[PDB]
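Asker: Here it is: the structure, laid out below.
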Amino acid sequence: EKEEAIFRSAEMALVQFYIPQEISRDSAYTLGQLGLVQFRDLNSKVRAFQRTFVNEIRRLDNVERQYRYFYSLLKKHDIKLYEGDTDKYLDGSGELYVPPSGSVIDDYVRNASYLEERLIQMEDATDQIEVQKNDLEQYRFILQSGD
Amino acid sequence: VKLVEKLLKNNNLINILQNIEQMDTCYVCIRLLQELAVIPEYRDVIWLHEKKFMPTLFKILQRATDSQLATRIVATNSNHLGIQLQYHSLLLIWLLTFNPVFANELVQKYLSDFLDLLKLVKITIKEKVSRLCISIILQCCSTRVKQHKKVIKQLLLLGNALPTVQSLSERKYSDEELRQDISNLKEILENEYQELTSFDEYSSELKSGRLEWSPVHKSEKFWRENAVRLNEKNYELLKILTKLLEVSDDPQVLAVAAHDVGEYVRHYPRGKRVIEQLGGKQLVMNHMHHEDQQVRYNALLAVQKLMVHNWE
Amino acid sequence: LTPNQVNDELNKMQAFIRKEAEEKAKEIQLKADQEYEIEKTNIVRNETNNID
Amino acid sequence: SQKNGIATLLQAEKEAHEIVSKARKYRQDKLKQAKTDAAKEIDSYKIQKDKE
Amino acid sequence: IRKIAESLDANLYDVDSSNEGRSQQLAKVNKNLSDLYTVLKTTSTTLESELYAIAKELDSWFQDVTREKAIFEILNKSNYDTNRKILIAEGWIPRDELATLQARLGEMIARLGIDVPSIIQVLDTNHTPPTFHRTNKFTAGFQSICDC
């Protein structure tokens, strides 16, 4: 079937939910893949700091912070990025195939950390040789006038 | 008891518990066992008879290494059987262990096989796994049995997921029944490693002559907190570690040599002159030419230390 | 699909909840049995100390 | 069959939690018996030694 | 002398009025000279290799974090309770899709939910359902300018 809805107007049916929570997040792909829908949230009279997901997003946001931090240094020196190869194929048309993923994000958090250590140590422990070396050769040159 | 004594030893029954490519048989073999071994009477005795079929469990879980939602051959998979099998397996395996002797033995028996057991939830989990996946390691560390303070060391050393193990904790889960123990896990798991007496253990392993990365030392803020006591000790056995440093074949020892040299970063320059007893710059230079990445990463830090410290 | 899956959904979810109820009612009581035993053993050791 | 099933769900979950609550109450009774019977052995075990 | 020099420009240089100590100064400076130049070339390869390796994957990781973030907020648009294991949310479904999306829920049960619609029975409210219009993938600008 198909209704023009441009010589008319449409209507989307609401649905009552009593989904048990036991499929809470593993079922995320359910609507993440081809949800193609809108919601009427019921969470009212209570705010971010008062609700639950605020807590984890507080740990999350840090990863984006450090990522955009990296981006500057990455573009800094001489090199480009291949761009998201997934973006060409992973977001391929409209698919039910979106590969599953559960907790791996936390593994990503720890790994991006371990990295951020690498990055901080590198940047802050390489950014000094310059000046002390420079003054050292400066004095060396000064030595030449000792005759 | 005598009835089950007959029922235990068989020939084909072992096959009924061996069909692993086809999972129909062991399934019941062990669901009925679960409903069986509830009472200690049969629990202990039957454990005294089946100490070779753990590989059953091992496959029942190791399969998940490669998995995909809409793949493999199963019809009506886990509405009641597909991973209800895993539910059985895990619940029985932990359930039975509550005689302190049981886990006390099994841990030393198959440390490693239950090492990656941590991976059970490293990536994937579903509803009923939560309460149990690590609720055995709960028992593997409880303060009621021998070696309840002896082996988990290596568990942590090879795992290192501890930060991500915490990362499992925060994401709230619907059930109360699991937040207490999961918190308990980390709290106890921190009150010993941070308490892992540094110079005691350090000098012990040093005088041993055999060494591993021993990443405790590199985690060093609390170790530098009393590095002055190392200056007291003056680490002349580190003068010996120099002798160790000329010739090396263990990647761990070779790289930790550089790491040990390098911790000066948080240590006062009053160590700089005792270093000045050293200082032939071609030494760690030729070492720098040893470019093996696995060590080279921190070999950069090592060779770099001298000059930025000059900045320091 | 047709509105007939409710019988599966509700009944099976209650079956899961009940199943878990038996599992953990028996499990917590088994833990009770072991704790019973160890604490009784410790108290018996104390009485043996008195007797010694 | 869910308009009148909200009360049924409430009752089923309440029963599922109250049965486990009574199971844990039975656990606590078991522990109380453990202690009160490990401390009452002086009636027989202690008087064994004076008979000796 | 030194104060004005440094305030303007000066680098302290303990020197010798003859060429004898010249040798000592040459020796002491050459000490560090022999190695100074390493710092740069050493620092190079590490950042080179690490940036090459990471670049290929950081973008993917950003896509990830974004996607899981979004779904987490979507979840956050729902309700939870402890005593009763029940999750609550509402979404409005096309009138014509009154049954196909249930078959689609069929695609999230076979192995991902125990015959799980998790609900299919609906209680409806007088709240005005929204309408919709589409441009038929051929006249996007037409309808867009019409409706704006």
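Residue numbering restarts at 1 in every chain; chains get A, B, ... in the order shown in the structure tokens, and ligands count up from 1 in that same order.
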Tell me as a compact mmCIF listing (two decimals) with N, CA, C and O atoms, in the first residue's frame which residues belonging to chain B come within 9 Å of chain A, counting only C-alpha atoms.
Answerer:
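Just written: selection_5.txt:
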```
# COMPACT_ATOMS: atom_id res chain seq x y z
N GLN B 68 27.78 -13.73 16.40
CA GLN B 68 26.99 -12.74 15.69
C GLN B 68 25.51 -12.99 15.93
O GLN B 68 25.08 -14.14 16.06
N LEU B 69 24.74 -11.90 15.99
CA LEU B 69 23.34 -12.01 16.38
C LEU B 69 22.57 -12.96 15.47
O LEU B 69 21.95 -13.91 15.95
N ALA B 70 22.63 -12.75 14.16
CA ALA B 70 21.77 -13.44 13.22
C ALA B 70 22.50 -14.56 12.48
O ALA B 70 22.30 -14.74 11.28
N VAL B 121 32.28 -11.54 30.59
CA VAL B 121 31.49 -10.32 30.47
C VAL B 121 32.31 -9.17 29.90
O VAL B 121 31.85 -8.03 29.88
N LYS B 122 33.53 -9.45 29.44
CA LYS B 122 34.39 -8.38 28.93
C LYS B 122 33.71 -7.62 27.81
O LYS B 122 33.93 -6.42 27.65
N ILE B 123 32.90 -8.30 27.01
CA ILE B 123 32.26 -7.73 25.84
C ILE B 123 30.76 -7.92 25.88
O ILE B 123 30.00 -6.99 25.60
N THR B 124 30.31 -9.12 26.22
CA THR B 124 28.93 -9.53 26.01
C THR B 124 28.34 -10.09 27.30
O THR B 124 29.04 -10.72 28.10
N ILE B 125 27.05 -9.85 27.48
CA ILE B 125 26.32 -10.34 28.64
C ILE B 125 24.84 -10.26 28.31
O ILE B 125 24.42 -9.54 27.40
N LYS B 126 24.04 -11.01 29.06
CA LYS B 126 22.59 -10.89 28.96
C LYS B 126 22.01 -10.95 30.36
O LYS B 126 22.74 -10.81 31.34
N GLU B 127 20.70 -11.13 30.47
CA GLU B 127 20.02 -10.86 31.73
C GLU B 127 20.63 -11.65 32.88
O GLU B 127 21.19 -11.07 33.82
N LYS B 128 20.53 -12.98 32.83
CA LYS B 128 20.86 -13.79 34.00
C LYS B 128 22.35 -13.98 34.20
O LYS B 128 22.76 -14.40 35.29
N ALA B 161 42.41 -5.54 33.41
CA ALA B 161 41.12 -4.95 33.12
C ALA B 161 40.60 -4.12 34.29
O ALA B 161 39.63 -3.38 34.12
N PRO B 163 40.77 -1.30 35.68
CA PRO B 163 40.06 -0.06 35.36
C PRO B 163 38.76 -0.32 34.62
O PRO B 163 37.72 0.22 34.99
N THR B 164 38.79 -1.19 33.61
CA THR B 164 37.54 -1.49 32.93
C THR B 164 36.65 -2.39 33.75
O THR B 164 35.44 -2.40 33.53
N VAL B 165 37.21 -3.16 34.69
CA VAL B 165 36.36 -3.90 35.61
C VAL B 165 35.53 -2.93 36.44
O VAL B 165 34.32 -3.14 36.64
N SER B 167 34.87 -0.03 35.23
CA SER B 167 34.01 0.52 34.20
C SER B 167 32.75 -0.32 34.00
O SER B 167 31.74 0.21 33.54
N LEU B 168 32.81 -1.61 34.34
CA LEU B 168 31.59 -2.41 34.36
C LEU B 168 30.65 -1.97 35.47
O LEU B 168 29.43 -2.08 35.32
N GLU B 170 29.86 1.09 37.01
CA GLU B 170 29.03 2.29 37.04
C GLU B 170 27.74 2.12 36.25
O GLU B 170 26.68 2.57 36.69
N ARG B 171 27.79 1.46 35.09
CA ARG B 171 26.60 1.43 34.27
C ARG B 171 25.52 0.69 35.03
O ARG B 171 25.53 -0.54 35.13
N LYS B 172 24.58 1.45 35.58
CA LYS B 172 23.60 0.91 36.50
C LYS B 172 22.88 -0.27 35.86
O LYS B 172 22.63 -0.28 34.66
N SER B 174 19.50 -3.08 36.50
CA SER B 174 18.18 -3.02 37.11
C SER B 174 18.17 -3.62 38.51
O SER B 174 17.36 -3.20 39.35
N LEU B 301 61.60 7.38 26.15
CA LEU B 301 61.51 8.07 27.43
C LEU B 301 62.83 8.04 28.16
O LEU B 301 63.29 9.07 28.68
N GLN B 304 65.48 10.11 26.55
CA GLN B 304 65.00 11.48 26.62
C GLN B 304 65.17 12.06 28.01
O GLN B 304 65.35 13.28 28.16
N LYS B 305 65.12 11.22 29.04
CA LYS B 305 65.08 11.72 30.41
C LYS B 305 66.17 12.74 30.67
O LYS B 305 65.91 13.79 31.27
N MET B 307 67.94 15.05 29.08
CA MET B 307 67.89 16.44 28.65
C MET B 307 66.69 17.20 29.19
O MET B 307 66.86 18.29 29.73
N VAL B 308 65.48 16.67 29.09
CA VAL B 308 64.36 17.38 29.68
C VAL B 308 64.58 17.56 31.17
O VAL B 308 64.26 18.60 31.74
N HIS B 309 65.13 16.55 31.84
CA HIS B 309 65.53 16.76 33.22
C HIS B 309 66.44 17.97 33.32
O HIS B 309 66.28 18.81 34.21
N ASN B 310 67.39 18.09 32.39
CA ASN B 310 68.18 19.32 32.33
C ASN B 310 67.25 20.52 32.29
O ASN B 310 67.51 21.54 32.93
N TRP B 311 66.15 20.41 31.55
CA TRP B 311 65.09 21.40 31.67
C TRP B 311 64.50 21.39 33.08
O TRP B 311 64.31 22.45 33.69
N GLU B 312 64.26 20.21 33.63
CA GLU B 312 63.71 20.12 34.98
C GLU B 312 64.68 20.73 35.99
O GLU B 312 64.71 21.94 36.17
```
Asker: Return as a ChimeraX atom specification the residues belonging to chain B that are within 6 Å of chain E, counting only C-alpha atoms.
Answerer: /B:76-77,79
Asker: Take the residues that were just selected and, keeping N, CA and C atoms, output them as a CSV table (one decimal), in the first residue's frame.
Answerer:
```
chain,number,residue,atom,x,y,z
B,76,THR,N,14.7,-21.3,17.7
B,76,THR,CA,14.2,-21.1,19.0
B,76,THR,C,15.3,-21.2,20.1
B,77,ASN,N,16.4,-20.6,19.8
B,77,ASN,CA,17.7,-20.9,20.4
B,77,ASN,C,17.6,-20.8,21.9
B,79,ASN,N,15.2,-19.0,23.9
B,79,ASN,CA,14.0,-18.8,24.7
B,79,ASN,C,14.0,-19.7,26.0
```
Asker: So which residues touch residue 32 (chain C) within 10 Å, counting only C-alpha atoms, skipping near sequence neighbours fewer than 5 positions away, as a PyMOL selection string?
Answerer: (chain C and resi 26-27+37) or (chain D and resi 24+26-31+34)
Asker: Only residues of chain C matter here; which ones have an atom within 12 Å of chain A, counting only C-alpha atoms? Give them as an MDAnalysis selection string.
Answerer: chainID C and resid 6 9:10 12:14 16:17
Asker: Looking at only C-alpha atoms, which of D:14, D:7, D:44, D:36 is the one that sits closest to chain E?
Answerer: D:14
Asker: Given a cut-off of 8 Å, which residues of chain C touch chain D, counting only C-alpha atoms, written out as a list in words?
Answerer: residues 6, 7, 14, 17, 18, 21, 22, 24, 25, 26, 28, 29, 32, 33, 35, 36, 37, 39, 40, 43, 44, 47 and 51 of chain C
Asker: Would you save the residues from that selection as a short mmCIF file (atom, residue, chain, number, x, y, z; two decimals), in the first residue's frame, using N, CA, C and O atoms?
Answerer:
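Below you can see selection.cif, which holds the result:
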```
data_model
loop_
_atom_site.label_atom_id
_atom_site.label_comp_id
_atom_site.auth_asym_id
_atom_site.auth_seq_id
_atom_site.Cartn_x
_atom_site.Cartn_y
_atom_site.Cartn_z
N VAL C 6 0.47 -11.75 23.24
CA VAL C 6 0.45 -11.34 24.64
C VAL C 6 0.54 -12.56 25.55
O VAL C 6 1.20 -12.53 26.60
N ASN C 7 -0.14 -13.65 25.18
CA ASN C 7 -0.11 -14.85 26.00
C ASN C 7 1.32 -15.35 26.16
O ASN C 7 1.72 -15.76 27.26
N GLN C 14 6.52 -13.72 33.42
CA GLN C 14 6.24 -14.19 34.78
C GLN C 14 6.93 -15.52 35.05
O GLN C 14 7.36 -15.77 36.18
N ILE C 17 10.49 -14.64 35.94
CA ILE C 17 10.60 -14.06 37.27
C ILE C 17 10.44 -15.14 38.33
O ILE C 17 11.21 -15.21 39.29
N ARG C 18 9.43 -16.00 38.16
CA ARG C 18 9.24 -17.11 39.09
C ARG C 18 10.44 -18.04 39.10
O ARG C 18 10.89 -18.46 40.18
N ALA C 21 13.00 -16.69 41.02
CA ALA C 21 12.59 -16.73 42.42
C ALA C 21 12.98 -18.05 43.06
O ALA C 21 13.56 -18.07 44.15
N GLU C 22 12.67 -19.18 42.40
CA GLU C 22 13.09 -20.45 42.99
C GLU C 22 14.61 -20.56 43.03
O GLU C 22 15.18 -20.97 44.05
N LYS C 24 16.97 -18.42 43.37
CA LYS C 24 17.64 -17.65 44.41
C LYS C 24 17.07 -17.92 45.80
O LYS C 24 17.81 -17.80 46.78
N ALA C 25 15.80 -18.32 45.91
CA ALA C 25 15.31 -18.77 47.20
C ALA C 25 16.08 -19.99 47.68
O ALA C 25 16.44 -20.08 48.85
N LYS C 26 16.35 -20.93 46.77
CA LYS C 26 17.17 -22.08 47.13
C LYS C 26 18.63 -21.68 47.33
O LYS C 26 19.31 -22.21 48.22
N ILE C 28 20.08 -18.71 48.27
CA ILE C 28 20.37 -17.98 49.49
C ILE C 28 20.26 -18.90 50.69
O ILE C 28 21.04 -18.78 51.64
N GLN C 29 19.33 -19.86 50.66
CA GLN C 29 19.21 -20.82 51.75
C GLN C 29 20.38 -21.81 51.76
O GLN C 29 20.79 -22.26 52.84
N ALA C 32 22.97 -20.02 53.35
CA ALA C 32 22.63 -20.09 54.76
C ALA C 32 23.14 -21.37 55.38
O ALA C 32 23.65 -21.37 56.50
N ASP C 33 22.99 -22.49 54.68
CA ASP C 33 23.46 -23.77 55.21
C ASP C 33 24.96 -23.75 55.44
O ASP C 33 25.45 -24.15 56.50
N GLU C 35 26.97 -21.11 55.82
CA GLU C 35 27.32 -20.18 56.89
C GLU C 35 26.95 -20.74 58.26
O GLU C 35 27.73 -20.64 59.21
N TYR C 36 25.74 -21.29 58.37
CA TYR C 36 25.36 -22.10 59.53
C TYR C 36 26.49 -23.02 59.94
O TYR C 36 26.93 -23.01 61.09
N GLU C 37 26.96 -23.84 59.00
CA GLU C 37 27.94 -24.86 59.34
C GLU C 37 29.23 -24.25 59.85
O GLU C 37 29.77 -24.68 60.88
N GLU C 39 29.89 -21.21 61.10
CA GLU C 39 29.74 -20.51 62.37
C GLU C 39 29.54 -21.49 63.52
O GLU C 39 30.10 -21.30 64.61
N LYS C 40 28.77 -22.55 63.29
CA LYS C 40 28.61 -23.58 64.30
C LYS C 40 29.95 -24.24 64.61
O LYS C 40 30.25 -24.54 65.77
N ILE C 43 31.96 -21.88 66.84
CA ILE C 43 31.45 -21.89 68.21
C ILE C 43 31.81 -23.19 68.91
O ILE C 43 32.12 -23.21 70.11
N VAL C 44 31.78 -24.30 68.17
CA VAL C 44 32.18 -25.59 68.74
C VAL C 44 33.65 -25.57 69.11
O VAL C 44 34.06 -26.14 70.12
N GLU C 47 33.88 -23.77 72.41
CA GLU C 47 33.49 -24.66 73.50
C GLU C 47 34.59 -25.68 73.79
O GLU C 47 34.86 -26.01 74.95
N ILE C 51 36.63 -26.53 77.23
CA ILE C 51 36.82 -27.88 77.75
C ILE C 51 38.30 -28.19 77.96
O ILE C 51 38.68 -28.82 78.95
#
```
Asker: Taking a cut-off of 10 Å and counting only C-alpha atoms, can you build a table that, for each residue of chain E near chain C, reports the nearest atom pair and how far apart they are in Å (one decimal), sorted by chain then residue number, as a Markdown table?
Answerer:
```
| residue | atom | partner | partner_atom | distance |
| --- | --- | --- | --- | --- |
| E:85 | CA | C:17 | CA | 9.0 |
| E:98 | CA | C:1 | CA | 8.6 |
| E:99 | CA | C:1 | CA | 5.0 |
| E:100 | CA | C:1 | CA | 6.6 |
| E:101 | CA | C:1 | CA | 8.0 |
| E:102 | CA | C:1 | CA | 5.3 |
| E:103 | CA | C:1 | CA | 5.6 |
| E:104 | CA | C:1 | CA | 9.0 |
| E:105 | CA | C:1 | CA | 9.3 |
| E:106 | CA | C:1 | CA | 8.7 |
| E:114 | CA | C:12 | CA | 8.1 |
| E:115 | CA | C:9 | CA | 7.1 |
| E:116 | CA | C:9 | CA | 6.4 |
| E:117 | CA | C:9 | CA | 6.9 |
| E:118 | CA | C:9 | CA | 5.9 |
| E:119 | CA | C:6 | CA | 6.8 |
| E:120 | CA | C:6 | CA | 6.5 |
| E:121 | CA | C:3 | CA | 6.8 |
| E:122 | CA | C:3 | CA | 9.6 |
```
Asker: Please save C-alpha atoms of the selected residues as a short mmCIF file (atom, residue, chain, number, x, y, z; two decimals), in the first residue's frame.
Answerer:
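Written output follows (again_37.cif):
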```
data_model
loop_
_atom_site.label_atom_id
_atom_site.label_comp_id
_atom_site.auth_asym_id
_atom_site.auth_seq_id
_atom_site.Cartn_x
_atom_site.Cartn_y
_atom_site.Cartn_z
CA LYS E 85 11.05 -5.13 36.23
CA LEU E 98 0.15 -1.23 12.11
CA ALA E 99 1.44 -4.81 11.69
CA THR E 100 4.65 -4.89 9.61
CA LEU E 101 6.79 -3.48 12.42
CA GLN E 102 5.56 -6.34 14.61
CA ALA E 103 7.03 -8.74 12.06
CA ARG E 104 10.12 -6.53 12.35
CA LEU E 105 10.10 -7.15 16.09
CA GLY E 106 10.17 -10.70 14.81
CA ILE E 114 12.77 -14.82 24.42
CA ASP E 115 9.91 -14.59 21.92
CA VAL E 116 10.14 -10.95 22.93
CA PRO E 117 7.73 -8.35 21.63
CA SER E 118 7.77 -7.31 25.27
CA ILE E 119 4.40 -5.78 24.47
CA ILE E 120 2.00 -5.84 21.54
CA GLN E 121 -1.22 -4.82 23.28
CA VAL E 122 -1.93 -1.09 23.14
#
```
Asker: If we count only C-alpha atoms and set the cut-off at 9 Å, which residues sit around region 8-12 of chain A, ignoring sequence neighbours fewer than 5 positions away in its own chain? Please answer as a VMD selection string.
Answerer: (chain A and resid 3) or (chain E and resid 91 to 97 128 to 133)
Asker: Output N, CA and C atoms of each residue in that selection to a file, as an mmCIF file, in the first residue's frame.
Answerer:
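The resulting file, part_28.cif, is reproduced below:
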```cif
data_model
loop_
_atom_site.group_PDB
_atom_site.id
_atom_site.type_symbol
_atom_site.label_atom_id
_atom_site.label_comp_id
_atom_site.auth_asym_id
_atom_site.auth_seq_id
_atom_site.Cartn_x
_atom_site.Cartn_y
_atom_site.Cartn_z
ATOM 1 N N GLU A 3 0.014 5.719 0.665
ATOM 2 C CA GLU A 3 -0.869 6.875 0.731
ATOM 3 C C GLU A 3 -0.061 8.129 0.445
ATOM 4 N N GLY E 91 6.212 5.447 21.460
ATOM 5 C CA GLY E 91 6.514 5.984 20.148
ATOM 6 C C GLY E 91 5.333 5.791 19.221
ATOM 7 N N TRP E 92 5.150 6.758 18.329
ATOM 8 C CA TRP E 92 3.996 6.794 17.442
ATOM 9 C C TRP E 92 4.379 6.171 16.108
ATOM 10 N N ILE E 93 3.576 5.220 15.658
ATOM 11 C CA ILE E 93 3.924 4.322 14.559
ATOM 12 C C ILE E 93 3.023 4.647 13.376
ATOM 13 N N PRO E 94 3.507 4.549 12.138
ATOM 14 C CA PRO E 94 2.651 4.884 10.994
ATOM 15 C C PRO E 94 1.369 4.066 10.986
ATOM 16 N N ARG E 95 0.270 4.731 10.626
ATOM 17 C CA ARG E 95 -1.018 4.056 10.550
ATOM 18 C C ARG E 95 -0.950 2.827 9.657
ATOM 19 N N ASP E 96 -0.258 2.931 8.524
ATOM 20 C CA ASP E 96 -0.159 1.816 7.592
ATOM 21 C C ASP E 96 0.775 0.720 8.084
ATOM 22 N N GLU E 97 1.702 1.042 8.985
ATOM 23 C CA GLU E 97 2.639 0.072 9.532
ATOM 24 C C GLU E 97 2.089 -0.636 10.763
ATOM 25 N N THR E 128 -3.748 13.996 20.343
ATOM 26 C CA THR E 128 -3.741 14.167 18.899
ATOM 27 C C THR E 128 -2.507 13.512 18.290
ATOM 28 N N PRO E 129 -2.653 12.409 17.558
ATOM 29 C CA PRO E 129 -1.496 11.838 16.880
ATOM 30 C C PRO E 129 -0.958 12.805 15.845
ATOM 31 N N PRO E 130 0.354 12.812 15.620
ATOM 32 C CA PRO E 130 0.913 13.716 14.610
ATOM 33 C C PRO E 130 0.609 13.240 13.199
ATOM 34 N N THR E 131 0.769 14.158 12.252
ATOM 35 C CA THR E 131 0.658 13.843 10.839
ATOM 36 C C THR E 131 2.042 13.838 10.203
ATOM 37 N N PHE E 132 2.077 13.589 8.898
ATOM 38 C CA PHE E 132 3.338 13.511 8.181
ATOM 39 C C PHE E 132 3.080 13.820 6.716
ATOM 40 N N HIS E 133 4.150 14.183 6.013
ATOM 41 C CA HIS E 133 4.126 14.292 4.564
ATOM 42 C C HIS E 133 5.503 13.925 4.034
#
```
Asker: As a ChimeraX atom specification, please: every residue in region 21-117 of chain E that DSSP puts in strand (DSSP E).
Answerer: /E:91-94
Asker: Need the shell around region 94-108 of chain B: protein/DNA/RNA residues with any atom at most 10 Å away, counting only C-alpha atoms. Skip same-chain ones fewer than 6 positions apart. Format as an MDAnalysis selection string?
Answerer: (chainID B and resid 34 37:40 42:44 46:48 51 114:115 132:142 144:148 151:152) or (chainID C and resid 27 30:31 34:35)
Asker: Report the distance between CA of residue 36 (chain A) and CA of residue 144 (chain E) in Å, rounded to one decimal place.
Answerer: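 Those two atoms sit 19.7 Å apart.
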Asker: Residues at most 12 Å from residue 55 (chain B), counting only C-alpha atoms, excluding those fewer than 4 positions away in the same chain, as a list in words?
Answerer: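 Counting only C-alpha atoms, the residues come to residues 17, 18, 19, 20, 26, 50, 51, 59, 60, 61, 62, 63, 89, 93, 110, 113 and 114 of chain B.
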Asker: Between A:42, A:37, A:115, A:54, which has the minimum distance to residue 17 (chain A) (counting only C-alpha atoms)?
Answerer: A:42
Asker: Pick the closest to chain B from C:45, C:20, C:52, C:11: which is it, counting only C-alpha atoms?
Answerer: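 Closest residue, counting only C-alpha atoms: C:20.
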Asker: Could you pull out all residues of chain E with a DSSP call of alpha helix (DSSP H) and give them as a PyMOL selection string?
Answerer: chain E and resi 2-8+20-36+38-76+100-105+140-147
Asker: Create the file for the chosen residues now, containing C-alpha atoms and written as a CSV table (one decimal), in the first residue's frame.
Answerer:
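Generated file (out_8.csv):
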```csv
chain,number,residue,atom,x,y,z
E,2,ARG,CA,75.7,42.0,35.3
E,3,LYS,CA,72.3,43.3,36.5
E,4,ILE,CA,72.0,45.8,33.6
E,5,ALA,CA,73.3,43.2,31.1
E,6,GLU,CA,70.8,40.5,32.2
E,7,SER,CA,67.9,43.0,32.4
E,8,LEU,CA,68.7,43.8,28.8
E,20,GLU,CA,94.6,26.6,29.7
E,21,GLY,CA,91.1,26.3,31.1
E,22,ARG,CA,89.9,26.6,27.6
E,23,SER,CA,90.7,22.9,27.3
E,24,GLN,CA,88.6,22.2,30.5
E,25,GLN,CA,85.7,24.1,29.1
E,26,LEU,CA,85.9,22.3,25.7
E,27,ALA,CA,85.9,19.0,27.5
E,28,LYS,CA,83.0,19.8,29.8
E,29,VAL,CA,80.9,21.2,26.9
E,30,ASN,CA,81.7,18.3,24.6
E,31,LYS,CA,80.4,16.0,27.3
E,32,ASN,CA,76.8,16.9,26.6
E,33,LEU,CA,77.6,17.9,22.9
E,34,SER,CA,78.3,14.3,22.1
E,35,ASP,CA,74.7,13.3,22.7
E,36,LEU,CA,72.5,16.5,22.5
E,38,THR,CA,69.8,12.6,19.7
E,39,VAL,CA,66.7,14.1,21.3
E,40,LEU,CA,65.0,15.1,18.1
E,41,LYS,CA,65.5,12.0,16.0
E,42,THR,CA,64.6,9.9,18.9
E,43,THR,CA,61.4,11.8,19.5
E,44,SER,CA,60.5,11.6,15.9
E,45,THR,CA,59.9,7.9,15.2
E,46,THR,CA,57.7,7.3,18.2
E,47,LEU,CA,55.2,10.0,17.4
E,48,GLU,CA,55.4,9.1,13.7
E,49,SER,CA,54.5,5.4,14.2
E,50,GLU,CA,51.9,6.1,17.0
E,51,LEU,CA,50.0,8.7,15.0
E,52,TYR,CA,50.0,6.6,11.9
E,53,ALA,CA,48.6,3.6,13.8
E,54,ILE,CA,46.0,5.5,15.7
E,55,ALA,CA,44.7,7.7,12.9
E,56,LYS,CA,43.2,4.8,11.0
E,57,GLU,CA,41.0,4.0,14.0
E,58,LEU,CA,40.3,7.1,16.1
E,59,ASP,CA,37.7,8.2,13.6
E,60,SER,CA,35.9,4.9,13.9
E,61,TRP,CA,36.1,5.2,17.6
E,62,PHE,CA,34.5,8.7,17.5
E,63,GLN,CA,31.7,7.3,15.3
E,64,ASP,CA,31.2,4.7,17.9
E,65,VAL,CA,31.1,6.9,21.0
E,66,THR,CA,28.7,9.2,19.2
E,67,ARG,CA,26.4,6.3,18.3
E,68,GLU,CA,26.3,4.7,21.7
E,69,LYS,CA,25.9,8.1,23.2
E,70,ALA,CA,22.9,8.8,21.1
E,71,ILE,CA,21.3,5.5,22.0
E,72,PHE,CA,22.1,6.1,25.7
E,73,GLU,CA,20.1,9.3,25.6
E,74,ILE,CA,17.3,7.5,23.7
E,75,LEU,CA,17.2,5.0,26.6
E,76,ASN,CA,17.3,8.0,28.9
E,100,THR,CA,4.7,-4.9,9.6
E,101,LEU,CA,6.8,-3.5,12.4
E,102,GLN,CA,5.6,-6.3,14.6
E,103,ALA,CA,7.0,-8.7,12.1
E,104,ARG,CA,10.1,-6.5,12.3
E,105,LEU,CA,10.1,-7.1,16.1
E,140,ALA,CA,12.2,17.5,-2.4
E,141,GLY,CA,12.5,21.2,-3.0
E,142,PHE,CA,8.9,21.6,-4.0
E,143,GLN,CA,7.4,20.1,-0.9
E,144,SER,CA,10.1,21.6,1.4
E,145,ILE,CA,9.3,25.1,0.2
E,146,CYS,CA,5.6,24.3,0.4
E,147,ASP,CA,5.7,23.2,4.1
```
Asker: So how many Å separate CA of residue 52 (chain B) and CA of residue 130 (chain B), to one decimal?
Answerer: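 One can read the CA of residue 52 (chain B) to CA of residue 130 (chain B) distance as 26.9 Å.
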